[PDB]
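Worksheet for the structure shown next.
The values are calculated or read from the model by the stated rules, or taken from the named source; no laboratory instrument gave them. Backbone-built Cβ (ideal geometry, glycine too); neighbour counts: all protein chains shown.
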Amino acid sequence: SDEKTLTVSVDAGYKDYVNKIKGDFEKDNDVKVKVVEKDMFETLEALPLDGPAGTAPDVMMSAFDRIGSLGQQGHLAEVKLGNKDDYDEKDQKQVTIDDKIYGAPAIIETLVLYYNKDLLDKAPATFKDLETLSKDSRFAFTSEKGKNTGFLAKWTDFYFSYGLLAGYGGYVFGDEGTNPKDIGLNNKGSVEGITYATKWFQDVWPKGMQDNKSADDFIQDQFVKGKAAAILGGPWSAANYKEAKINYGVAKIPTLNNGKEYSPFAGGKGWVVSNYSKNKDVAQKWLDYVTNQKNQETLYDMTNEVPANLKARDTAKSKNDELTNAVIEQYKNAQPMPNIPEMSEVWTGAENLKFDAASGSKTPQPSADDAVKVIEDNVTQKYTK
Ligand SMILES: OC[C@H]1O[C@H](O[C@H]2[C@H](O)[C@@H](O)[C@@H](O)O[C@@H]2CO)[C@H](O)[C@@H](O)[C@@H]1O
Ligand SMILES: O=C([O-])C(O)C(=O)[O-]
């Protein structure tokens, strides 16, 4: 009768999963769970209006990069990590801003190296191996003299190239991504990374790799047609390679020339609670439930998304799936993207940073210095000191 209820909103891809696991939660807590399907981002963009109306769901998911911001803006409730003993400090940091926790980590993801097993005997292990692969004429791009598609990476996109700069010692914001007055994108390390990228753009790759607007289309087209042997990509692309029947393999990103690992952004998703919810106690119980080992293993079983819960992540690793193994291994070297507001100013500035050098229009040092000045000035103008 008056036996409480909880509204759980998820993207279409998680509806079956939530329906499978809700039963045991309902029984364990004397609650009725209502499952609604809605695009993840649309739910979050509507929250500021649905919340005061009393029409927003009680719990939903969010990419890690938005949790801090939604928490600061007052749209998400502070929550506890019931499964803290099963989370690395890095994953706790993903859902934390200003020493306040606004979600429970659920899924991890990062960039990996996809390769074609019909073209290569094994995954390249280092960037030195990729450099030699780029001189194998079986991958020559004949319409442009001396260009090669052996290895491709969308380095005009800062989301992709960040891990290269970071592998050399670059960083976005100092104090582990929390100090917007300390920008590391023009430090010695970042410039070494930019310089290395520029060699690929200028000496190896087809001209099309410099056009950020169409580079992803070019890269996917080459890999899916068996013309690129290895490429940098996210887990989200695997489904497409499966659809196209490519005998693809997946590996950690090869080791950089300095002996350090590529250090991409550590992405993923967490479960969050509406700050407007009238069912926060039950919502807290839901977060602790859905992020426990059993339910995290079911998540992986149903969706192939890598669990945040470490006990569940080990179980996923034991399945010996290449994409899962690559993501788990590479995630060890991934750092969280800053979740502070000032991160919004990094994107436009970082475009120029990579492009001006990639195109040979500026040398790497002024390309980086000029872009950092753009970012710094925007931070000063738009945000409180
Ligand atoms: O490219 C920048 C963007 O990459 C990732 O977003 C993915 C997303 O996870 C997928 O669902 C699909 O839509 O492809 C997107 C990229 O093409 C990151 O999650 C995101 O933070 C980042 O800005
Ligand atoms: O259930 C609760 O925790 C309470 O009703 C609230 O969310 O305000």
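Contact map, the range 38-50: first residue assigned by CATH to the domain that holds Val272 and touching a residue at least 24 places away in the same chain (Cβ under 8 Å), second residue among the basic types (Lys, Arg) and surrounded by 17 or more Cβ atoms within 10 Å (Cβ to Cβ), Cβ cut-off under 9 Å, separation 6 or more or different chains; pairs are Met40/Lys269; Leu44/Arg66. Kindly list, by first and then second residue, each pair from a residue in the range 280-296 that is free of Cβ contacts under 8 Å to residues at least 60 places away in the same chain and more than 12 Å from ligand 2 (Cβ to nearest atom) to a residue that is acidic (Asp, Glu) and in a helix (DSSP H, G or I), limited to pairs with Cβ atoms under 9 Å and residues at least 6 apart or on different chains. Going by the 9 Å Cβ cut-off, the qualifying pairs are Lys294/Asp24. Out of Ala316, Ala371, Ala350, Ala312, one residue alone is in a helix (DSSP H, G or I), among the hydrophobic types (A, V, I, L, M, F, W, C) and over 29 Å from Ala251 (Cα atoms). It is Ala371.
Listed by position, the helices (runs of 4 or more DSSP H) enclosed by the range 138-238 that each have at least 1 residues that are away from ligand 2 (no atom under 16 Å from the Cβ), polar (S, T, N, Q) and in contact (Cβ under 8 Å) with a residue 12 or more places away in the chain are 158-167, 188-203, 212-224.
Do the conditions hold for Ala153, that is, is it assigned by CATH to the domain that holds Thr384, touching a strand residue (DSSP E or B) at 6+ places or on another chain (Cβ under 6 Å) and under 25 Å from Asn333 (Cα atoms)? Answer is yes for this residue. Taking the range 339-381 as the range and being of a type in the set (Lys, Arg) and out of contact with any helix residue (DSSP H, G or I) (no Cβ under 7 Å at 6 or more places or on another chain) as the test, only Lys373 passes.
Scanning the range 166-208 for residues that are away from ligand 1 (no atom under 16 Å from the Cβ), under 22 Å from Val112 (Cα atoms) and among the hydrophobic types (A, V, I, L, M, F, W, C) gives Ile194, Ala197, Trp200, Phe201, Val204, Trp205.
In the list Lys252, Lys245, which residue meets the criterion of being more than 16 Å from ligand 1 (Cβ to nearest atom), farther than 29 Å from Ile101 by Cα, in the same structural domain as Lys225 (by CATH) and touching a residue at least 24 places away in the same chain (Cβ under 8 Å)? Just a single option satisfies the conditions, and that option is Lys252.
Against the definition (assigned to a helix (DSSP H, G or I), without any contact (Cβ under 8 Å) to a residue 12 or more places away in the chain and either surrounded by 13 or more Cβ atoms within 10 Å (Cβ to Cβ) or touching a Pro at 6+ places or on another chain (Cβ under 8 Å) (or both)), how does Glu26 come out, yes or no? It is true that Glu26 is assigned to a helix (DSSP H, G or I), without any contact (Cβ under 8 Å) to a residue 12 or more places away in the chain and either surrounded by 13 or more Cβ atoms within 10 Å (Cβ to Cβ) or touching a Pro at 6+ places or on another chain (Cβ under 8 Å) (or both). Residue selection: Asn275 satisfies the criterion of being in the same structural domain as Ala106 (by CATH), more than 16 Å from ligand 1 (Cβ to nearest atom), in contact (Cβ under 8 Å) with a residue 60 or more places away in the chain and closer than 21 Å to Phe41 by Cβ.
State yes or no: is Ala283 assigned to a helix (DSSP H, G or I), among the small types (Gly, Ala, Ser) and within 30 Å of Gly54 (Cβ to Cβ)? It is true that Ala283 is assigned to a helix (DSSP H, G or I), among the small types (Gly, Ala, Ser) and within 30 Å of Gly54 (Cβ to Cβ).
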